[PDB]
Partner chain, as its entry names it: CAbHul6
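A single chain comes next, written as structure tokens; it is the form solved without the partner chain.
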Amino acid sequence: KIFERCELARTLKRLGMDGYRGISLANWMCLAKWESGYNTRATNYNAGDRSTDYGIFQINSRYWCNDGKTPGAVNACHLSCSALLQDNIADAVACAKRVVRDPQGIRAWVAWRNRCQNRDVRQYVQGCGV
């Protein structure tokens, strides 16, 4: 599913993402926008290290979910990567929370540093009622 901006903002808010570990909703929206264009089915194979990024947050298989085909990979979110390809983003949100509980926080995603860090991200939640 490819979410519309405001519907995603509220969906994320209902799931407890607003201010989770100090991360605003606007930051999560900026992340999802740049990672997948708000697409839960988004996928990207990294031929360099044989891993794959899954879903709306493009979570990587090497450390976060199990796809059975990434060498020496672990599964920190304890989920099949398939769970990150559902229209319902609850499991993806649970995993994204797991990622940010680590030292780096939202910085785990390089795309967040590239396109959201020290940026005016207000526009992502404006008019959404969140």
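Positions refer to the first chain, counted from 1.
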**OP:** For the higher mean C-alpha B factor in the entry, choose 70 to 78 or 26 to 34.
**Re:** 70 to 78
Original post:
Mean CA B-factor: is it higher for 50 to 58 or for 100 to 108?
Top reply: 100 to 108
Original post:
Should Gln117 be placed in the lowest, middle or highest third of its chain by the C-alpha B factor in the entry?
Top reply: middle
Subject >> CA B-factor placement of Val125, once the chain's modelled residues are sorted into thirds >> reply: middle
Subject >> Chain-wide C-alpha B factor ranking for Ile89, given as lowest, middle or highest third >> reply: middle
Original post:
Split the chain's modelled residues into thirds by Cα B-factor; is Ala83 in the lowest, middle or highest one?
Top reply: lowest
Original post:
Based on the entry's values, in what third of the chain does the Cα temperature factor of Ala42 lie: lowest, middle or highest?
Top reply: highest
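In what follows, reference is made to the form deposited with the partner chain bound, a form of this protein that is not presented.
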Subject >> Any residue of 79 to 101 that, in the deposited bound form, places a heavy atom within 4.5 Å of the partner chain >> reply: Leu79, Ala90, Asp91, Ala94, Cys95, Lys97, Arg98, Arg101
